[PDB]
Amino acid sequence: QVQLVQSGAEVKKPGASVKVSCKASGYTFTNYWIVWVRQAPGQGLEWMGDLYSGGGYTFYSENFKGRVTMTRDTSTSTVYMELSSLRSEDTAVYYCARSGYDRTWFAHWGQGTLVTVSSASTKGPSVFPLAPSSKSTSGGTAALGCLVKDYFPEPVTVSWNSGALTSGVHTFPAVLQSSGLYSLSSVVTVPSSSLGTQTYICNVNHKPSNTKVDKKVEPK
C-alpha cells in the first residue's frame, strides 16, 4: 500500500521556478530517502539529488547544484523539489521515488510530473465526440472516441467513464499541428449491441489551462 503522489503537470516561462510535491503514504515516512529523477528527451533517466525524510542529509547532483532545492515536511509526509532559473531545455517528466533498504535503489516511484518550460501561450483543448455510426461498426464491434484538439502544452489525460472503462481504450500520442498546438484522440471498441443501453463519457483533463471536460459520446 506504498503510494507516492505527485502534484499535477505545470507550464512555466523561462526564468520562473517550479516546485513539485511528492506526498507519501503507506509506510513510516521518516525512515526512508526520497530521490528525484528527471526524464528529458534523449537523456533517458537522470538523478537530480535526494534527501533523507527523517532529516540530516540532502544531496544534489553537480548538474543542478545552485538551482535545485529539496525540502521535507514530516507533518504532511511530503517532499518538494524546487527547480529555479528554468530554461526551455528543463522540459521533462520529474519523478520522485522512495529508497529501498538504502539510497542505492529506488523501491517505489511517484507517477511523474510533466513540467513544460515555454514562452508560448497556454491554450485549453476543444473536445469533440467521435460518434459510433454505421461507418465505425463491423463484426459486432463498435468504435467511438473523443478528439481533443488545439491545446498547449502537453499533457492531456483522458479516462473513460471516470476510470471504470479501461478495456479496449487507445489514447494516442499527441501530434504537433502546424499552429504549434497539439491534438490527440482517445478511442475505445465496445459491443455494437449495447450502444443503446451503455453510456460512454470521455473525461478530459488539461491541468495547465485548468480545463476539465466530460463529453458524452452518443451514437450518430
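Note that residue numbering begins at 1 and tracks the sequence as displayed.
- Taking the PDB entry as given, 116-124 carries the higher mean Cα B factor of the two stretches 116-124 and 71-79.
- For the pair 19-27 and 203-211, the mean Cα B-factor is higher in 203-211.
- In the PDB entry, the Cα temperature factor peaks, among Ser186, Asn63, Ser192, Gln39, at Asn63.
- Per the deposited record, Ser133 carries the highest C-alpha B-factor of all listed residues (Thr91, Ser133, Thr141, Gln111).
- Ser53: CA B factor in the lowest third of modelled residues in this chain (values from the PDB entry).
- For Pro153, the recorded CA temperature factor ranks within the middle third of the chain's modelled residues.
- In this PDB entry, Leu181 carries a Cα temperature factor that places it within the middle third of its chain's modelled residues.
- Per the PDB record, residue ranking by Cα B-factor puts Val175 in the lowest third of the chain.
- Ranked against the other modelled residues of its chain, the C-alpha B-factor of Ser7 as given in the entry falls in the middle third.
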